[PDB]
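Participant: quick check, what structure comes out for this input:
(one chain, ligands or ions: 2)
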Amino acid sequence: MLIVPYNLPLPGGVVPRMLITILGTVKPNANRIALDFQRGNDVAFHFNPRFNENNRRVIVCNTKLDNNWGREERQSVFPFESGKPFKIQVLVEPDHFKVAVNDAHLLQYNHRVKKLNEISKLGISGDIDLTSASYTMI
Ligand SMILES: O=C1N[C@H](C(=O)O)CC2=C1S[C@H]1[C@@H](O2)O[C@H](CO)[C@H](O)[C@@H]1O[C@@H]1O[C@H](CO)[C@H](O)[C@H](O)[C@H]1O
Ligand SMILES: [Cl-]
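Facilitator: Residues are numbered from 1 along each chain as shown. Ligands and ions are numbered 1, 2, ... in the order given. Take a look at the structure below.
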């Protein structure tokens, strides 16, 4: 397994048609997963499955600018399950990140950070066994 937290450099940032694929397995009794697409200290796109927020499962997405979190975007469709293997695909499109889990579209997140070519790292963290993390241009 890859060591979590894991840093995947994104050379020259992201760009439309870049597809990022994360494969792993959720731990038993997991609490959280997080993908952090970072522009230096800023987080352009935070994708944060929460397994037990007041006994509900929710995916929180947000952006962190100058150490301040913005307005969350929340999705109640929750495809992850403790103990089970998953695939996350993040396709960069002109206006948003488009996320599919296990080959099913999940959500889109509009670009708040405009300098896509400066979003040059992806941090992967949380309660997973991480199998692989990679990108390709489609
Ligand atoms: O510790 C905290 N200090 C804040 C204070 O002291 O003002 C208040 C606050 C928490 S926790 C939790 C919860 O209240 O509700 C908030 C929205 O109302 C957030 O959901 C927040 O969680 C944070 O959300 C971020 C994404 O927005 C990241 O995921 C981050 O990792 C995570 O810590
Ligand atoms: Cl920007």
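Participant: only C-alpha atoms from now on, for both contacts and neighbour counts.
Facilitator: Noted.
Participant: report the central residue of the protein.
Facilitator: residue 35 (3.2 Å; C-alpha atoms, centre = their mean).
Participant: and that residue, what helix or strand is that in?
Facilitator: strand 33-39 (DSSP states H and E).
Participant: which other helices and strands does whatever helix or strand comes next after that strand contact?
Facilitator: Of the helices and strands lying after strand 33-39 in sequence (DSSP H and E), the nearest is strand 42-53. On a contact count with 3 or more C-alpha pairs under 8 Å, 6 or more residues apart in numbering; DSSP states H and E, strand 42-53 meets strand 33-39, strand 56-65.
Participant: wait, does strand 42-53 contact ligand 2?
Facilitator: No - Strand 42-53 is not in contact with ligand 2 by C-alpha under 5 Å from the ion; minimum separation 8.5 Å.
Participant: ok, now stretch 33-40?
Facilitator: No - Stretch 33-40 is not in contact with ligand 2 by C-alpha under 5 Å from the ion; minimum separation 8.6 Å.
Participant: is that stretch positioned near ligand 1?
Facilitator: No - Stretch 33-40 is not in contact with ligand 1 by C-alpha under 6 Å from any ligand atom; minimum separation 7.9 Å.
Participant: for that stretch, which positions count as buried?
Facilitator: The neighbour-count check on stretch 33-40 (16 or more other C-alpha atoms under 10 Å) flags 33, 34, 35, 36, 37, 38, 39 as buried.
Participant: my read: the second one touches residue 125, true?
Facilitator: To tie it back to what came earlier, the one meant is residue 34. Yes - counting by C-alpha atoms under 8 Å, residue 34 touches residue 125, with 5.2 Å between them.
Participant: hmm, back to that, between the buried residues of stretch 33-40, which sits nearest residue 111?
Facilitator: Closest approach between the buried residues of stretch 33-40 and residue 111, by C-alpha to C-alpha: residue 37, at 11.5 Å.
Participant: nearest spatial neighbour of the closest one, skipping sequence neighbours?
Facilitator: Once flanking residues are discounted, residue 37 sits nearest to residue 122: 4.5 Å by C-alpha to C-alpha, 6 or more residues apart in numbering.
Participant: ok, now residue 19?
Facilitator: residue 91 (4.4 Å).
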